[PDB]
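Engineer: target.cif (mmCIF, C-alpha atoms) pasted underneath:
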```cif
data_entry
#
loop_
_atom_site.label_atom_id
_atom_site.label_comp_id
_atom_site.auth_asym_id
_atom_site.auth_seq_id
_atom_site.Cartn_x
_atom_site.Cartn_y
_atom_site.Cartn_z
CA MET G 1 0.00 0.00 0.00
CA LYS G 2 3.08 2.27 0.11
CA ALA G 3 2.98 4.99 -2.58
CA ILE G 4 3.53 8.41 -0.97
CA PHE G 5 7.11 9.37 -0.02
CA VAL G 6 7.70 9.58 3.76
CA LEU G 7 8.27 13.36 3.63
CA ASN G 8 5.26 15.13 2.09
CA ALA G 9 3.16 18.31 2.51
CA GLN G 10 -0.14 16.38 2.58
CA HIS G 11 -0.14 16.11 6.40
CA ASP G 12 2.21 15.94 9.41
CA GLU G 13 2.18 16.10 13.22
CA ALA G 14 1.75 19.89 12.94
CA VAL G 15 -1.30 20.94 10.85
CA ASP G 16 -3.55 23.97 10.29
CA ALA G 17 -5.24 22.97 13.58
CA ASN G 18 -3.00 25.35 15.59
CA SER G 19 -3.07 28.18 13.04
CA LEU G 20 -6.64 29.31 12.39
CA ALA G 21 -6.90 30.03 16.12
CA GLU G 22 -3.79 32.23 16.22
CA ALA G 23 -4.71 33.73 12.85
CA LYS G 24 -8.25 34.52 14.06
CA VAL G 25 -6.97 35.65 17.48
CA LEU G 26 -4.31 37.96 15.97
CA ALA G 27 -6.73 39.37 13.38
CA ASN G 28 -9.63 39.68 15.88
CA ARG G 29 -7.63 41.78 18.40
CA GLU G 30 -6.89 44.40 15.71
CA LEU G 31 -10.64 44.91 15.24
CA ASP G 32 -11.05 45.40 18.97
CA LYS G 33 -8.01 47.71 18.88
CA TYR G 34 -9.57 49.86 16.12
CA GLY G 35 -13.05 49.52 17.68
CA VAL G 36 -14.80 48.52 14.44
CA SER G 37 -18.22 46.78 14.51
CA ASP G 38 -18.47 43.29 16.05
CA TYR G 39 -19.98 42.02 12.80
CA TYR G 40 -16.52 41.78 11.17
CA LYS G 41 -14.96 39.84 14.08
CA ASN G 42 -17.82 37.34 13.94
CA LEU G 43 -17.23 36.92 10.19
CA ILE G 44 -13.57 36.04 10.89
CA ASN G 45 -14.77 33.30 13.26
CA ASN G 46 -16.38 31.75 10.14
CA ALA G 47 -13.15 32.07 8.10
CA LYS G 48 -12.26 28.66 6.56
CA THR G 49 -8.60 29.47 5.78
CA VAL G 50 -5.77 31.77 6.93
CA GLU G 51 -5.57 33.40 3.48
CA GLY G 52 -9.26 34.18 3.91
CA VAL G 53 -8.52 35.64 7.36
CA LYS G 54 -5.62 37.85 6.19
CA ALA G 55 -7.28 38.78 2.87
CA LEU G 56 -10.53 39.74 4.63
CA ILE G 57 -8.75 42.27 6.86
CA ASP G 58 -6.93 43.66 3.82
CA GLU G 59 -10.29 44.44 2.20
CA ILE G 60 -11.62 45.89 5.46
CA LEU G 61 -8.48 47.96 6.13
CA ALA G 62 -8.34 49.06 2.47
CA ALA G 63 -11.83 50.58 2.78
CA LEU G 64 -10.22 52.87 5.42
CA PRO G 65 -7.81 55.32 3.69
#
```
Produce structure tokens that represent the structure in this file.
Structural biologist:
Amino acid sequence: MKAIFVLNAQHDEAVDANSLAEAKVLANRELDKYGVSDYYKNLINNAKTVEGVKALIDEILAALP
């Protein structure tokens, strides 16, 4: 049944498990720091990927010149 090389990026002991939390926690505090609405922080909680978390703030911060 062997087919995938031992070293691979498919999965490992460390996974996105401990990443969305820090990503959401680091992005969420900035909202609280700025004092924006709580609707945006709730939306981050529903983020399905870090790129979605960082890219969502970029759109929100961009709308603030």
Engineer: Which value, in Å to one decimal, gives the distance between CA of residue 46 in chain G and CA of residue 15 in chain G?
Structural biologist: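 Between CA of residue 46 in chain G and CA of residue 15 in chain G the gap is 18.6 Å.
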Engineer: Between CA of residue 65 in chain G and CA of residue 22 in chain G, what is the spacing in Å?
Structural biologist: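 Atom-to-atom, CA of residue 22 in chain G and CA of residue 65 in chain G are spaced 26.6 Å apart.
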Engineer: For the file shown, what are the residues hit by the PyMOL selection byres ((chain G and resi 28) around 10), laid out as a VMD selection string?
Structural biologist: chain G and resid 22 to 27 29 to 33 38 40 to 45 53 57
Engineer: My list of candidates is G:51, G:7, G:64, G:17. Which is closest to residue 36 in chain G when distances are computed with all atoms listed in the file?
Structural biologist: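 So, comparing all the options, the nearest one is G:64.
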Engineer: Which distance in Å separates CA of residue 55 in chain G and CA of residue 20 in chain G, to one decimal?
Structural biologist: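 Answer for the CA of residue 55 in chain G to CA of residue 20 in chain G separation: 13.4 Å.
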Engineer: Would you mind listing what lies within 9 Å of residue 16 in chain G as number ranges by chain, with all atoms listed in the file counted and same-chain residues fewer than 3 positions away left out?
Structural biologist: G: 19-20, 49-50
